[PDB]
Amino acid sequence: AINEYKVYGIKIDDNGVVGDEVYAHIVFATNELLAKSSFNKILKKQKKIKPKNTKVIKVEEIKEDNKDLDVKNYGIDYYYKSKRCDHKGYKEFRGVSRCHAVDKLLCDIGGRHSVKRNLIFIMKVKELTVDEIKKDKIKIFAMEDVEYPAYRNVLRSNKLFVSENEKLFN
Amino acid sequence: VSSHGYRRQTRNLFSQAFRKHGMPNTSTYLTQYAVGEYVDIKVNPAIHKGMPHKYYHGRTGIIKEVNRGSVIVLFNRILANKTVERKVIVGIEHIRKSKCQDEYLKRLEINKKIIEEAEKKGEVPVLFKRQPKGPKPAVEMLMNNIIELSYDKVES
Amino acid sequence: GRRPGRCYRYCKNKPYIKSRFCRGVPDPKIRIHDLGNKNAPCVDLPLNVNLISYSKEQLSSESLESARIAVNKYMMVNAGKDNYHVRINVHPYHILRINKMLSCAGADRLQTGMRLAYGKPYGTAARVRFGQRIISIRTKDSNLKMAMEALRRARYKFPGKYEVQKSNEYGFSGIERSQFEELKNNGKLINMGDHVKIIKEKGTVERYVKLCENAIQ
Amino acid sequence: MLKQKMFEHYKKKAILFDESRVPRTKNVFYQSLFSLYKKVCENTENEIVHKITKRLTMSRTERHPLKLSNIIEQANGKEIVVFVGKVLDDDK
Amino acid sequence: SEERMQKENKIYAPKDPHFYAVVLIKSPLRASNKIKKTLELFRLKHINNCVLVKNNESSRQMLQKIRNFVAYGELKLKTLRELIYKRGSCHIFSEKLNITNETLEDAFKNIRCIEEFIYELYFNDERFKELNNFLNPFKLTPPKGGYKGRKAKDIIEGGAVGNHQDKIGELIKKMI
RNA sequence: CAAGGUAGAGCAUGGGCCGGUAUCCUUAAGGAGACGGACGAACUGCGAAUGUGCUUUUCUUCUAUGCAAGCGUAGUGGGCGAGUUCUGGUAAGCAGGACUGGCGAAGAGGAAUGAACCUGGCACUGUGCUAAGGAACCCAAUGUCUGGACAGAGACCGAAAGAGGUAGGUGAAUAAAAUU
Ligand SMILES: [K+]
Ligand SMILES: [K+]
Ligand SMILES: [K+]
Ligand SMILES: [K+]
Ligand SMILES: [K+]
Ligand SMILES: [K+]
Ligand SMILES: [K+]
Ligand SMILES: [K+]
Ligand SMILES: [K+]
Ligand SMILES: [K+]
Ligand SMILES: [K+]
Ligand SMILES: [Mg+2]
Ligand SMILES: [Mg+2]
Ligand SMILES: [Mg+2]
Ligand SMILES: [Mg+2]
Ligand SMILES: [Mg+2]
Ligand SMILES: [Mg+2]
Ligand SMILES: [Mg+2]
Ligand SMILES: [Mg+2]
């Protein structure tokens, strides 16, 4: 599970509201504290305001509707840190929410490249129509052309030992 | 192995700064000193009489006695896990007036007014203490002029 | 003979240099640092290729000499004498020591074991860090695949990791190719052999004029 | 406010009798006298009584003697003087 | 207030609170003497002790030194009430006692019931020292359901020590 | 409010490596060079973090079941180890220093076993809860989801150098399915 938040904040010195600007940042994280942490990280690297001179005025959660659980196609732009350097790339996913899309990327890179979730950075999330799809993976499922049978058996009962003449699986 | 002369290990200490060689300036000689002032030691390598031992360089103490061209200053030091007072003789070319009491003296000047009024009108002074910086203040913000931030820099 | 390379690989000790304090040091094996067409103007050899370090260690003067011979022989046979310039960037200033001991040990009048153990000079090495340029080439743009293969042969003469990489720079200038052309046209560059000086609006006017009549265009 | 309250408490507790001290003498007339003072202390705050009770518990060497003239010298114009010890003659 | 402010396209952010709450999560027995002295000055002595501290620049530098041992943050009124009612107690000098009407009236001449105490503690800044130094440190249990990760990591890393901000109430509510 | 010259950064006095265009000096060689690259424990033009001292309770916070001059008298004066760093040595369970906690003089639960590692400091009983580490069976508590991986491999385990198989990223082409 992963959530989406938008954080707002200003600069202060020995006195208040020293600049009339307000800064904003949308972030995918698990909770508000991990959200606030990211806001501090970006401010210090793109500007030079350290925490002691900042104040957060607001944090809000962003939520969709999707009462019917309709399935949508999304494209995601990302980078991650390896032992060598920083690696950029783009991949496409299907799901019922932007957060559902984002949790699947994080799982993928951990599986394929052996990276902990805190070393992955999301740059952009975009919802796409059928003509926009670039890579091969999801297109068959998007064009609604897939059926398959079950490969995994399923247990009939919670009992550990059963009679030879009973039905065992599904 | 090392040696134990009076000026051991003073190659960095006891050397003049870049473009600051030569004898002291007139202000050094025209400064008047009094018993009870706080004073600060900084050795001038060009003057060879009245030099203190290099342990005392950069330390601050209190004037105990005043002579023609030298001063006696009181210091404290730890030896064999006990505190010992030490009385150091220094020539006036190797000392400067210390700034360490500056703020306290200003505060005393304010207290000296209040403590008189406190006998006439009140009974006890308000005494004007310092306080450490408190929590972050409250703010009311107009909310036009929003600036967005993003991980646009890819950092190849 | 010599001890194996593993004895002196890592940078354990502080730098130690030939000086009034350290005498009786032997000469390093490498003596020649530039090969090919040394004085060729900066414009004439645009492509730049480097061997780059992915390690922090010491390189012996014996290894540097072996690499020089290897890289040079290849370029000379393939590029021709007038088409390339090679530079070996690192100089072996650090002195290694040995605490020499007898084979017929156990009992002697000589002070045996770890008594009075400080060593005598043994040889020399260069000290190297991550991301440093160890060997550099400039050539014609036709000779990319040749220059790559020349530098590959050095990679087997040194301990640790090293990579062959191509540069953004024009020649042995420090300038990116795009920017170089933009300064060359518009008259701002003066040739100084393997590199360039940039003209600026800084001095007296009669000097500015005298510089500009000398520009590359 | 609080720093004063604290210090004024410490100063008081430094005067009062300890109540876990007892004189080492096996003299029953001396132990009688201590019992009286002890029962007075637990019903008063007066500093003179507390000082007297603490001094009856100290050793023979701690109860050092005084000569008559030195009492007068220290009496500082008072009429009654009190002393937990022995008063000796001054031949001078 | 929030209605009036939004109706004129403006945001209001209140002043930071006057006190933090601190809980001692892990054992101090091998820490340096400088750390041990700092814990003493905050009155923390055994694991799962909890204590209230003035928000101030001196306190914030003390916390920076001990942050690897303690969870800290800010506490809203509802949780402050559950703490004082379920685990509070007091002292005069060396006598430990239950919070009762007689004992309040004795110590603070104008506070007479336990509800007035909580009100002054939350809303009056200038009496905090007197009001705080009357309460003993709170003695809590370990949290019900345990800790989710290695508690010695920072909260950002998924452990239990550091600054939990507005969310310390969740840790304390499992420990009352 | 003082003092400091280490890490980084630099090569302006001193030591010191390689190559130089115009120009200059001679030769008809070489030399100098308006500059670039490479450097020092006993080179410095600049300079941290951490640590040290001074004043102020007229400055937060704690504090009496606490500190304690003075007097009398014991044992000790072979140490060893962890983390961070340093010197000598090819190194060493090697020899020798510095800083903050240990074992010595420290039990209990955990790393199968271990002086020093992780949790965490012990009077004597009873009921609850957690840590570190575990949860097919030995042995108190275990299952779920998504990717990889076929080697008598891995969970415990060695280098420079490499091809093969498979999973992904980025950049070049070509394209009458794609392919390199
Ligand atoms: K000697
Ligand atoms: K051998
Ligand atoms: K032997
Ligand atoms: K230099
Ligand atoms: K140095
Ligand atoms: K002895
Ligand atoms: K022993
Ligand atoms: K111990
Ligand atoms: K065991
Ligand atoms: K062992
Ligand atoms: K079982
Ligand atoms: Mg020294
Ligand atoms: Mg003389
Ligand atoms: Mg060494
Ligand atoms: Mg520990
Ligand atoms: Mg847990
Ligand atoms: Mg350095
Ligand atoms: Mg000995
Ligand atoms: Mg043990």
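In what follows, chains are A, B, ... by sequence order, proteins preceding strands, each numbered from 1.
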Sugar-phosphate, base or nothing in reach of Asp40(B), heavy atoms under 4.0 Å: sugar-phosphate

Sugar-phosphate only, base, or nothing, as touched by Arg129(C) at under 4.0 Å among non-hydrogen atoms: sugar-phosphate

Sugar-phosphate, base or nothing in reach of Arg155(C), heavy atoms under 4.0 Å: sugar-phosphate

Proximity of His94(B) and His57(B) rings by center, below 6.0 Å: no

Nearest-nucleotide pick for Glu40(E), side chain only, options being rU65(F), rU58(F), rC62(F): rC62(F)

For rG8(F), the Watson-Crick or wobble counterpart (both distances under 3.5 Å): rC46(F)

Sugar-phosphate only, base, or nothing, as touched by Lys91(A) at under 4.0 Å among non-hydrogen atoms: sugar-phosphate

Chi-based syn or anti call at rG40(F), which uses purine or pyrimidine torsion atoms and a 90° bound: syn

Sugar-phosphate, base or nothing in reach of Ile88(C), heavy atoms under 4.0 Å: nothing

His33(C) side chain, from C-beta outward: closest of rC18(F), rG120(F), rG53(F): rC18(F)

Sugar-phosphate only, base, or nothing, as touched by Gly145(E) at under 4.0 Å among non-hydrogen atoms: sugar-phosphate

Sugar-phosphate or base contact per nucleotide [nucleotides 66-95 of chain F; S, B, -; heavy atom under 4.0 Å]: ---------------------SBBSS----

base_contact_polar (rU60(F) base, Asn56(E) side chain, donor-acceptor, <3.5 Å): no

Protein-nucleotide distance (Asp34(C), atom CG; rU21(F), atom P), rounded to Å: 12 Å

Between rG77(F) and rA92(F) - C1' atom distance, rounded Å: 31 Å

Closest to the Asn89(C) side chain, choosing from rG121(F), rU60(F), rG37(F): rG37(F)

Proximal nucleotide (of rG19(F), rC35(F), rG101(F)) relative to the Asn33(E) side chain: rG101(F)

Donor-acceptor pair (no angle test) under 3.5 Å: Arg130(B) side chain, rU56(F) base: yes

Mutual orientation of the aromatic rings belonging to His9(D) and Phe93(E) [parallel < 30°, tilted 30-60°, perpendicular > 60°]: parallel

Between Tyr8(C) and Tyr122(C), ring centroids under 6.0 Å: yes

Nucleotide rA28(F): sugar north or south according to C1'-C2'-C3'-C4': south

Enclosure of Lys97(B) NZ (heavy-atom neighbours >12, cutoff 6.0 Å): yes

Sugar-phosphate only, base, or nothing, as touched by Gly110(A) at under 4.0 Å among non-hydrogen atoms: nothing

Syn/anti state of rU44(F) by chi, 90° boundary around 0: anti

Minimum-distance nucleotide (side-chain atoms of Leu29(E) versus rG19(F), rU58(F), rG121(F)): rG121(F)

Pi-cation contact, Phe69(E) with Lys26(E) (under 6.0 Å, within 45°): yes

Residue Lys197(C), side-chain atoms from C-beta onward, closest of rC35(F), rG37(F), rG133(F): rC35(F)

Pseudorotation half of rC67(F) (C1'-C2'-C3'-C4': positive north, negative south): north

Most 5' of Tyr10(D) and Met62(E) on RNA chain F, judged by nearest nucleotide: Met62(E)

Sugar-phosphate only, base, or nothing, as touched by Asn111(B) at under 4.0 Å among non-hydrogen atoms: base

Whole-Å distance separating the NE2 atom of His94(C) from the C1' atom of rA38(F): 16 Å

Ring center gap for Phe134(E) and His91(E) short of 6.0 angstrom: no

Ring centers of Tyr79(A), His87(A) separated by less than 6.0 Å: no

Touch class at under 4.0 angstrom, heavy-atom based, for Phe42(E) against every strand present: nothing

Base of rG19(F) paired with side chain of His85(C) (donor-acceptor, under 3.5 Å): no

Whole-Å gap separating P (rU63(F)) and NZ (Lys129(E)): 9 Å

Face-on cation placement of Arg138(C) at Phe172(C) ring, 6.0 Å and 45° thresholds: yes

Per-pair stack call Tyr147(E) and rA131(F), 5.5 Å, 30°: no

N/O donor-acceptor pair, side chain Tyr156(C) with base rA161(F), under 3.5 angstrom: no

Watson-Crick or G-U wobble mate for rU87(F), both contacts under 3.5 Å: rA95(F)

Nucleotide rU146(F): sugar north or south according to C1'-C2'-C3'-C4': north

Touch class at under 4.0 angstrom, heavy-atom based, for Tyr90(A) against every strand present: sugar-phosphate

Selected nucleotide, minimal atom distance to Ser27(E) side chain, candidates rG121(F), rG40(F), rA38(F): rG121(F)

Nearest-nucleotide pick for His57(B), side chain only, options being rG4(F), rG148(F), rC145(F): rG4(F)

Closest nucleotide among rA160(F), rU55(F), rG19(F) to the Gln101(B) side chain: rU55(F)

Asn214(C) side chain vs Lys210(C) backbone, donor-acceptor pair below 3.5 Å: yes

Sugar-phosphate only, base, or nothing, as touched by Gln131(B) at under 4.0 Å among non-hydrogen atoms: sugar-phosphate

Sugar-phosphate, base or nothing in reach of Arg19(B), heavy atoms under 4.0 Å: nothing

Gap between atoms CG and P, on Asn39(C) and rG36(F) respectively (whole Å): 19 Å

Sugar-phosphate only, base, or nothing, as touched by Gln4(D) at under 4.0 Å among non-hydrogen atoms: nothing

Any strand: nucleotide that pairs with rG126(F) via Watson-Crick or wobble, under 3.5 Å: none

Pairing of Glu57(C) and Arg9(C) as salt bridge, 4.0 angstrom limit: yes

Nucleotide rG37(F), atom P - distance to CG of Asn50(C) in whole Å: 14 Å

Salt bridge flag under 4.0 Å for residues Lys112(B) and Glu109(B): yes

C1'-based separation of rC94(F) from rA106(F) [nearest Å]: 31 Å

Nucleotide nearest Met192(C) (side chain, heavy atoms from C-beta), chosen from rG121(F), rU21(F), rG37(F): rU21(F)

Sugar-phosphate only, base, or nothing, as touched by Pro4(C) at under 4.0 Å among non-hydrogen atoms: nothing

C1' atoms of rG121(F) and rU73(F), separation to the nearest Å: 32 Å

Ring pucker hemisphere for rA64(F), per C1'-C2'-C3'-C4' torsion: south

Along RNA chain F (nearest heavy atom to each residue), the more 5'-positioned of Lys135(A) and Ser32(E): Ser32(E)

For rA22(F), the Watson-Crick or wobble counterpart (both distances under 3.5 Å): none

Side-chain H-bond candidate by donor/acceptor type, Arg87(C) with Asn89(C), under 3.5 Å: yes

Syn/anti state of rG114(F) by chi, 90° boundary around 0: syn

